[PDB]
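Breakdown of the fold
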Amino acid sequence: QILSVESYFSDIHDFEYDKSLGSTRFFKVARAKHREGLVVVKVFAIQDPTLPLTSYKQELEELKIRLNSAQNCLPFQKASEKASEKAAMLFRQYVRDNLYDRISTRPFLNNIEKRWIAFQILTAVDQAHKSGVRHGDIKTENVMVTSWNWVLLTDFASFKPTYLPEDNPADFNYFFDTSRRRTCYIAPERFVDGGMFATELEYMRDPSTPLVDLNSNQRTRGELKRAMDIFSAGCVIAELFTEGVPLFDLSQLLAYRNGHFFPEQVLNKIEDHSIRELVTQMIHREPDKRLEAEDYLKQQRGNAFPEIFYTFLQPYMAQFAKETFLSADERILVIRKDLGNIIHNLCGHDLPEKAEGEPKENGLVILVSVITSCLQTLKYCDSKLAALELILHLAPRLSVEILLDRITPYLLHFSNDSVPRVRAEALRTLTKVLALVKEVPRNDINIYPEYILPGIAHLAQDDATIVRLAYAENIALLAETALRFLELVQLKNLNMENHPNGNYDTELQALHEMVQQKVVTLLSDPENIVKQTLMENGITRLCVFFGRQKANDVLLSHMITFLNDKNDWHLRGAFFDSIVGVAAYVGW
Amino acid sequence: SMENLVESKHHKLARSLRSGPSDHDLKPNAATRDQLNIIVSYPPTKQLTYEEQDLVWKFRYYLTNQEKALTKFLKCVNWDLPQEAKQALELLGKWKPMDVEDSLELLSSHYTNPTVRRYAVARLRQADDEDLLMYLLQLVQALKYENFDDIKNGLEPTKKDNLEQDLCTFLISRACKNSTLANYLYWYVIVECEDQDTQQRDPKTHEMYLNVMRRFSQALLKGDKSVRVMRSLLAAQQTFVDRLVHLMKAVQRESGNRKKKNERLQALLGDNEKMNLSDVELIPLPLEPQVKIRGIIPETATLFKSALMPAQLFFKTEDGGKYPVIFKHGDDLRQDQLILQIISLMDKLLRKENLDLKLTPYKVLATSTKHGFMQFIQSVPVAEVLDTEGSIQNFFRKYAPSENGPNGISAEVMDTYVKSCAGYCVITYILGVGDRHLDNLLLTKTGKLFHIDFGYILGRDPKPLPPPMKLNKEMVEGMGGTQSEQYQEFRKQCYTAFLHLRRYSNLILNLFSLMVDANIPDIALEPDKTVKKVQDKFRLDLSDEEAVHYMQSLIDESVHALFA
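Residues numbered from 1 in each chain as written, not as in the entry; some residues may be left out. Chains lettered and ligands numbered in written order. Part of a larger assembly, values for the part shown. Heavy atoms only, no water. Residues with missing side-chain atoms left out of burial classes, pairs and counts.

1. Quick look at the overall build of chain A
Along its length, chain A carries 22 helices and six strands. Overall size of chain A, expressed as C-alpha extent along the three principal axes, is 105 × 70 × 50 Å. (Helix = DSSP H or I, 4+ residues; strand = E, 2+ residues; numbered from the N terminus.)

Take a look at the structure:
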């Protein structure tokens, strides 16, 4: 109990996490406590050395006032409450997924609407805490983590010693901690740094390495929390998103004291007036000019979007309540979000066409991925229904978008292979996916079927749920449509290239011959599984058949695929003849 | 949440990135290969990407061929799936032999796989006394080994109650080959057998390490030749020193004044120390496994009059001569033992570049039970030697009238000084030495410079601190005059020197990546910032001698410093 994986503990803990020291502030640490066995990354602190101040009374009350409201921000489950002598460890969940870290972790997730959605979820928290007055707060990606509902749950701990980038596809780079200061890449405040002191503490003089060289603490003055100081900090975390990299240079900081800098605006949507102007409003002089989160909101690029936000925010508050009961959400949410659809991007008959022109109702809904990630959590077969409903609800995920989406589905055939007729659910969905007509972004897309499907077909040998197999021979032509869709990349690959003498036109076809030789392998491996199933008129063991006389059922459906392997009519004919000979005896 | 949602990502990421790369082997085609040859030539620190890792997982033929490029690919992979492991162990053989240097990186906890560890021993297969220099840093790397000790615990303790996979016999085959690498390494090991009760108490694995050291001693002694029992006996005789330092702990306790304790020491050492020192049969010296004692002279024996109780004594050896020695007892001196050892490693590479810094790497070791000893020193420690002299010039002239101040010509006294000074600034750049003063400045009148306060490092000072350079306003007297000659020679030596260490200290980045796993204070915070700071501080990012121009401006500011 009192120790755990460190002698340094006073209860059951999983691990020690990272430590750090500010230039603007003192030391800090992270800790992953297995409280009730549940391992969660709480704040580290010792009350032993902090007794002299214990000023925290106020801080704990403002915590109580703030944590009271479970909005799009992060309320801690017991933070204020978790002070003690050897262990003042402010309680929090398993956080270490800082924000730019998460962004570079899934560029697969990074998307036009998504960035804007994330940004807008943060914006609601900002305007709310300004109203529920907690003015003048600092910002960096240490302040946030990414939930299963993709909510930017904003905390109040802007140093996160657990923080940097993540899954960056281009890289050959050394470590980068302390990048423009004594810790992680900060967001400067022009009045704090360039005016008084970049430091938080009181004094009456002017150090450098922690920063005060600007002025003598105005001869013993305190902190002065204002909205203008908040606009300053927000402005620096934003550009990091846009450039994918921060703006923090000492030259840039001298230029910020000068109120005029060294821009190199790296994105057209960012220099797009929509984004450029309000950023510039933050940039000129935060108190001297004006920047208003309000002005920003009123002037949302599309004013449709604020409304799309706040309308569906009502559901997001229901999401914050859902921390009570997930399975209940799944199924009643099906009921509710029939209406949700009929409100938002309504189709009259609840099966959106996945390619409805240049979208006639204008959908690009990254929020389906939001909800998907919530509903990944295991509960009840309630889920089966909503998935089938979703298959029918063939909303406009692109080929690629549907493909991104395609991560969990077969993953859940696998995850509930135990219920054999989950195979039947998945059948319908994959048949639907196949029936959808779309373009393959890359050649390799089609190969993963050609290996995925093999794996799942072994699972078919584990238990033969017949329904899946019956559809197989049909959507065999649709998997050949996946090969047509691959051949569309062959059209794109052609779009990347620009008889008696023994001409050279063979070079144009020859690689497609080898591709076809490959696809013939992909006829042969079915021909293997098929000949095994063809001898397996029952799943056969110790002179007994698990009665795959059901082959006669699937036999009608089979004509679709039967065209494909047929030319070794010798081989097919022999196996079928062996079947005929016995059927002629046993079968009526 | 940490449920199927977490895993779903991993699959989608595994698909396309796995399954696609690795297939029927053939050579890379496009001129992007020429660009990529530059890209792969990025240094150790240069950690790989989510897409660059995939490219190497395609371009296997050139990787196989470039015998030392293999490691960059090995940074990319992990042995997650048997299918991975299959291709990995296939290619382990296939690849043109790895560098013995790059073989250091792969022994890290990053790569838990035994086959890698087994094959890395073949990549660095040279069983030679180069390992003794490696013993200056390797202990922190060896700290990543407390897993296989529990495995080999099944074997080594049990059995006694060259091509190989057994690291312990890689160890035995390489180390037992030399008496220095046996005994002195055991005394070095005795510094980790010291305090092993805490590594038993918090970890448990120090008890396994006590079994390991016991079973290494068994593995050596079972070797059963004169050599094997003899090394067991010399350790035992050297262990008598432990009795002597316990007696010296008691003599330290009977203090008086500096003279009254010195008399008590001279008397107690007269009977006890003369008798014991004469009594011991040819146990080796702390400075040298070959030199052996046959006496100690308690007459000239003296002490540094301070709480650490540093000793100043002279030992009539088997070799006749009266070798000067010093002990420090009741101190865990590991901060200094590591610093002087790393200094020795740097000095070896620097001597491979033909510049000698003229600093004194005094030997240090521990015999048993946190007691320890070192090579003694002759000194002129303070600005007071130069102040007793007329000037820096007059100081030269007094001692060595060949120099005769400005009027003579000092030759090698001055040459050794200038090349030494050009060395000491480079050491201060890298190590970030703290608490320097006019009283930490041992000017040996022969030309050998000793600035000394290495215990404060990584800039450990309250706020203002020593510079990355090595100059103060006293030296600004002599050097401001000899500006045309000595400051230029200083300036030229250091300029050429950095440019050579920019060539090959890449291996030190590997050493650093393992040697960083040591004990040095406050290391709980420093690592990631330190690795970035090292590469930035020596701006390997920018190979511009304009940085030396920037540093030379700082040098101008140093003479300026009364107003700069």
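2. A word on the interface of chain A and chain B
Interface size is often expressed as the accessible area that is lost when the parts come together. In this assembly, 18 residues from chain A lie in contact with 20 residues from chain B. Every element with two or more residues in the side of chain A that touches chain B is listed here: strand 4 (172-173) and helix 15 (407-415) of chain A. Residue composition of the side of chain A that touches chain B, by class: seven nonpolar, seven polar and four charged. For strand 4 of chain A and strand 1 (residues 47-48) of chain B, the ladder comprises two bridges, and the chain directions are antiparallel. Paired with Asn 173 of chain A across the strands is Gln 47 of chain B, a residue of strand 1 of chain B. (Contact = heavy atoms within 4.5 Å. Nonpolar A, V, L, I, M, F, W, Y, C, P; charged D, E, K, R; others polar. Pairing = 2+ DSSP bridges.)

3. Regarding the pairing of strand 2 (residues 27-35) of chain A
The side chains of a regular strand alternate, first on one face of the sheet and then on the other. Residues and elements named next belong to chain A. Relative to strand 2, strand 1 (residues 15-21) runs antiparallel, the two sharing five bridges. Looking at strand 2, one finds that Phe 15 is bridged to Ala 32. Between the end of strand 1 and the start of strand 2, which pair antiparallel, lie five residues. Where strand 2 meets strand 3 (residues 38-43), six bridges bridge the pair, whose relative direction is antiparallel.

4. Examining the packing of helix 21 (residues 473-481) of chain B against helix 22 (residues 483-504) of chain B
Helix packing for two helices is described by the angle between their axes and how far apart those axes are. Residues and elements named next belong to chain B. In the contact formed by helix 21 and helix 22, the axes pass within 5 Å of each other and the chain directions differ by 110°. In this view, helix 21 runs roughly perpendicular relative to helix 22, as classed from their interaxial angle. From helix 21, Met 479, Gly 480 and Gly 481 reach across to helix 22, where they touch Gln 483, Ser 484 and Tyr 487. (Axes fitted to C-alpha atoms, helices over the stretch in contact; angles between N-to-C directions. Parallel < 35°, antiparallel > 145°, perpendicular 65-115°, else oblique.)

5. A few points about the sheet that holds strand 4 (residues 322-328) of chain B
In space, the five strands of this open sheet follow the order 2-3-4-6-5 (chain B), with antiparallel pairing throughout. This sheet does not close on itself; its edge strands, each paired only once, are strand 2 (302-303) and strand 5 (364-366) of chain B.

6. Describing the UniProt feature "binding site: ATP" in chain A
Residue and element names in this part refer to chain A. Annotation from UniProt places "binding site: ATP" at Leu 21, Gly 22, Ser 23, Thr 24, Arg 25, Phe 26, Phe 27, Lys 28, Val 29 and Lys 42. Taken along the chain, the residues just named run across 22 residues; in space they spread out, the farthest C-alpha pair reaching 22.7 Å. Along the chain, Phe 27 turns up in strand 2. With respect to the helices and strands, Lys 42 occurs in strand 3. (UniProt positions renumbered as here; feature names shortened; annotations may be inferred.)

7. Brief notes about the sheet that holds strand 3 of chain A
Residues and elements named next belong to chain A. With antiparallel pairing, three strands are arranged side by side in an open sheet as 1-2-3. The sheet is open, and its two borders are formed by strand 1 and strand 3, each paired with just one other strand. Across the sheet, the axes of successive neighbouring strands diverge by a mean angle of 15°, strand direction being ignored.

8. Quick word on unusual backbone geometry
All names here are of chain A. Even without a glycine there, the phi angle at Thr 54 is positive, about 50°. Inspection of the secondary structure assignment puts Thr 54 in the loop between strand 3 and helix 1 (56-67). Within the chain, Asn 345 stands out as a residue other than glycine whose phi angle is a positive 60°. Here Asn 345 is to be found in the loop between helix 11 (326-343) and helix 12 (367-375).

9. Structural notes on the environment of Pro 306 of chain A
Residue and element names in this part refer to chain A. With respect to the helices and strands, the residue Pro 306 is situated in helix 10 (residues 304-321). Measuring from C-alpha to C-alpha, the distance between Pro 306 and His 13 comes to 43 Å, with 293 residues separating the pair along the chain. Setting aside chain neighbours within four positions, we find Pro 306 in contact with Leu 297 and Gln 300.

10. Examining the pairing of strand 4 of chain B
All names here are of chain B. Note that strand 3 (residues 311-316) and strand 4 share four bridges and pair antiparallel. Bridged to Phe 315 within strand 4 is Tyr 323. Taken together, strand 3 and the strand that follows it, strand 4, pair antiparallel across an intervening segment of five residues, in which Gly 320 is found at a positive phi of about 90°.

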